[PDB]
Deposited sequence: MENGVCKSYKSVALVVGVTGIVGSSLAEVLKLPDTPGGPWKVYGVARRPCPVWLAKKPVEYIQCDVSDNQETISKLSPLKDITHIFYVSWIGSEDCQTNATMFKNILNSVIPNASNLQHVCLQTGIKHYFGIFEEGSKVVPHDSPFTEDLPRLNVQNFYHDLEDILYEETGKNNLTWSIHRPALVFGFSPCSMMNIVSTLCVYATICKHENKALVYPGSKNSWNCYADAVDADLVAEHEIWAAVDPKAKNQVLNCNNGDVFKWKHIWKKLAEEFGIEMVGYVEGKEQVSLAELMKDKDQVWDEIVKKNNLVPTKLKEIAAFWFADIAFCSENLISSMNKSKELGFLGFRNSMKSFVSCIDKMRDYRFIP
């Protein structure tokens, strides 16, 4: 009953969860899609609401991965949208290897492997706007190892490949290790709960510089596009919303969305660590979860305040989308509207109040 069969590795992820939604849409290219969804944790109740076949599997475990993925003979497309959570090149490589060694010898109709890395490929720095043809930096980066494995395995087995390097992701998953919007929404939620203004903790430059990002749905569209369009086969491809923004403008919108007052960047002041400010807010979040009858999340799991700290001390990281556009991909998002869209969606899904 299916035309294509997808293996989404990291289905609970910030992009994986989007693929779980987009792939199942009736007019999605390559459809109708059958979707295998792989993650380490037991299937979340909110993901059980989706028509995907969830496979709980520790992908870093070769024998377990072989055991659970080798019976899947009908897979045609692999979407690797995971990482182990550390910068370890070897343990990250093992995960991707295990996926490949378990599926390739068992899926006689396998066609394409989508590999998701990121713009960190460009600065670990190269100057921006980042273009896909920029050579690797002379450092260790697990993105490098993943690429080399991709080239080696797809070539020997007559498979097409695509490398996707998304910018900062605007998404809705509460299970992501790096979800900036959920992180800021939690921070805003705690501020309103304690009757405090939304105080910008970041640096001056990050407040005022041009920044870019990518909607999680657009990444999914981009990866599906490369999975079905011949023009995008065997290509390295950046992926962002196609525009630029400033955190100063996002911050104001975030404050309005939560109906609280805002304290923007103050001249002379240095950046403060959000990870430190929120260090002891675990019980407060538990109270908010209960009172608002939200989907039960741990503060540590829905928010990554350390990740916001890095974003708020970064600049000059704009990536170019010209290559994808010249290849025919005309997908885009208004980044300001995308950010608001993610807030509404996480409220919708009762991840945040």
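- Gaps in the model relative to the deposited sequence occur at 1-7, 132-140, listed in sequence order.
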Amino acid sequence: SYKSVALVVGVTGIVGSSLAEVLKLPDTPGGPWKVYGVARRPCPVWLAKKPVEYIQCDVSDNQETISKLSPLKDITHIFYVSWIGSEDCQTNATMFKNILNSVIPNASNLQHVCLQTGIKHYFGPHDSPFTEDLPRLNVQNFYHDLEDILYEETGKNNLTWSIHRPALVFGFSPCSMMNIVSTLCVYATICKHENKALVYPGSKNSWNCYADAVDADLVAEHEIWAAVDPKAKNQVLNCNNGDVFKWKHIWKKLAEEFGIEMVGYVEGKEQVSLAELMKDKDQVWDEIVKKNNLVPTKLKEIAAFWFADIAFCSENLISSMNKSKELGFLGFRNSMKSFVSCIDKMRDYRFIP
From here on, numbers count along this sequence of modelled residues.
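- As listed in the deposited structure, the average C-alpha B-factor of 254-262 and of 109-117 is greater for 254-262.
- Look at the C-alpha B-factors of 275-283 and of 128-136. On average they run higher in 275-283.
- Of the candidates 294, 39, 303, 318, the PDB record gives 294 the highest C-alpha temperature factor.
- Within the listed group 288, 308, 35, 327, the record reports its top CA B-factor for 288.
- Ranked by Cα temperature factor within the chain, residue 50 sits in the middle third according to the deposited record.
- The entry lists a Cα temperature factor for residue 156 that places it in the highest third of the chain's modelled residues.
- In this PDB entry, residue 181 carries a Cα temperature factor that places it within the lowest third of its chain's modelled residues.
- Among the modelled residues of the chain, residue 248 sits in the middle third by CA temperature factor in this PDB entry.
- Per the PDB record, residue ranking by Cα B-factor puts residue 194 in the highest third of the chain.
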